[PDB]
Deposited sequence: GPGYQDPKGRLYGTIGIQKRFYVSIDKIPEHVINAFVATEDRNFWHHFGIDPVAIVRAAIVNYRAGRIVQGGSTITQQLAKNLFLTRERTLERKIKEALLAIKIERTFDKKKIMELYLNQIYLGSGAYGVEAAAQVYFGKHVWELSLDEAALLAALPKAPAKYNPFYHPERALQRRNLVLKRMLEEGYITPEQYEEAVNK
């Protein structure tokens, strides 16, 4: 009806853990523990002879700005906003907001809209390999879109699955089966 970004909203309790886990493992491994920004993650990423140091909270803050500028000043504003958001709402709520607003390509905002556009299903009906595919998109939706870059999409999906394996969110068995899907 109105608001493409407001198409479908789904509560966190109806979002599969594989989905939540895929995004966390891929975009912000220490999400459940940091306070809006991850100093250690910024250092881990720094000392790399590719890695992003921003958190899920920071990605959310980034989209709360009407304009799109990547000036260092904007980066600071986004971080301060993330910090305040973290003091106001708990992790599950922040995760909920993030998952429902994230642009996942093909005009789909939020995991529910993405599930429909890419798999013709509801997010709660997604399999592990399908969840991993959605988590691969935030990096660059157009570059990894499965509709016209299925090669890169598949490659990044399996990378997400590997991240999930390393974080302990899925077992070796689940991993072997999913990367072959």
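Unmodelled regions (deposited sequence positions with no C-alpha coordinates, counted from 1) are 1 to 13, 63 to 68.
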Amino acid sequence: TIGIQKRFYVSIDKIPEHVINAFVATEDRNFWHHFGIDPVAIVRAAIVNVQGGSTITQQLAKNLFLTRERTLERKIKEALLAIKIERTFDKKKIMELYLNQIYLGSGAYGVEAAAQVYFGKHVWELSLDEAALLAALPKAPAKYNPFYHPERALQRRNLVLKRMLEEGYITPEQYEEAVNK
From here on, numbers count along this sequence of modelled residues.
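The question of which stretch, 103 to 111 or 71 to 79, has the higher mean Cα B factor is settled in favour of 71 to 79. Looking at mean Cα B-factors across 29 to 37 and 61 to 69, the upper value is held by 61 to 69. In the deposited entry, the Cα temperature factor of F23 sits in the bottom third of values across the chain's modelled residues. Ranked against the other modelled residues of its chain, the C-alpha B-factor of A135 as given in the entry falls in the lowest third.
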